[PDB]
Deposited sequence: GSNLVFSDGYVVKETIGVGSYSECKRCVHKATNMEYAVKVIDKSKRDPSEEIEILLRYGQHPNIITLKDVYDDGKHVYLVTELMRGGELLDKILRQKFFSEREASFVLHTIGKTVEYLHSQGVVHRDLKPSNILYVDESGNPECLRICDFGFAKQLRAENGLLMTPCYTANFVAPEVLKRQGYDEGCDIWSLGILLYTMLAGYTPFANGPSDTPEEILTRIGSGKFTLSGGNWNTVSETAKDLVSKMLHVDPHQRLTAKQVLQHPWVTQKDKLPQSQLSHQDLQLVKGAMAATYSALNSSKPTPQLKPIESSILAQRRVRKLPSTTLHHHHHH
């Protein structure tokens, strides 16, 4: 459908006007992921440029080729063989604050890198963080799915970083988006520590009650793992998950927190967890609740308009 140089295999993911299939590059027998995007429904330009410029980072999914048949664009990327982050660490035999810190450190550095380049991810769900293989090495982690990511630019397109002008609401929005990225790292951190998600008890939770929990910014920090979880970890999650983005840490500030820097002096005790499918269910319900909005009403006939009425006499 795009190249006779690849063998296309099974679907490994589905997104918004997109789907991902594992494929084998015949000449080298190397495996890749190919993400097909319907260009008539979803302009992939921004995602492509962001992957082009920043995908060379070790912990960002690398863009190896692009095909365009007119209607569809096809992104050939590195294949994540190791599955999603939580599917690994909540199942693996040993997991403690030490490993969780290494995880937040690798992902944190990568998010700091993006933000410093004027890129916000905006869809930083744990399910979009994958391992490239089965080693469990934090270095093998990759941030994926930049379908919603945005690059800051000047009035005439010039590539811009928040460091060294843009309209004022545009800047506040970049700050808000950076805060949302950090808040998603906070959700990930909470879940790694607690073994469950902070604002949902499971997939059967309603969007209404998840949102009220999120809005109040209340979450449990006692019982279960929390009894033996270090105080410096508790402090950090409370600041990442904070209600107002004002008191919410930057990526840089996360990497400076003692729980991250002093990863040596961290407990190595085993951490419990809820059943994986429940955790994934609660996670999806939480992001579903966050990104949902009441469908908008349909247009009425023209004759519903008083002005239009005056014209039909």
In deposited-sequence numbering, the unmodelled segments run 1-4, 169-171, 321-333
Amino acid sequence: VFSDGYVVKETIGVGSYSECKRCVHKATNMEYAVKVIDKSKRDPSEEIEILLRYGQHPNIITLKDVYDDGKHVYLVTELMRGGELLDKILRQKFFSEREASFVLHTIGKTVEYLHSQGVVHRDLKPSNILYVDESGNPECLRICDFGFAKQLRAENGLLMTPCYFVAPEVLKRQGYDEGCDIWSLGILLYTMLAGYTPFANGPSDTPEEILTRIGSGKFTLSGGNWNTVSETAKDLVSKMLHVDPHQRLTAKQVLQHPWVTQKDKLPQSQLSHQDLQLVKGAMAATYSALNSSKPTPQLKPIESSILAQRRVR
From here on, numbers count along this sequence of modelled residues.
Relative to the other compared entries, is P168 without coordinates in a third or more of them? yes
- Task: For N291, record whether it is unmodelled in at least a third of the other compared entries of this protein.
- Result: no
Once average C-alpha B-factors are taken from the entry for 144-152 and 209-217, the winner is 209-217
The stretch whose C-alpha atoms carry the larger average B-factor in the entry, 274-282 or 60-68, is 274-282
Max C-alpha B-factor within the set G186, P203, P198, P168 falls on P203
Max C-alpha B-factor within the set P162, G179, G157, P126 falls on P162
On the chain's distribution of Cα B-factors, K35 falls within the third called lowest
On the chain's distribution of Cα B-factors, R42 falls within the third called middle
Entry-reported C-alpha B-factor of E112 relative to its chain, by third, is lowest
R81: C-alpha B-factor third of its chain, per the entry, is the middle
Tertile call for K300 (CA temperature factor, within chain, third-based) is the lowest
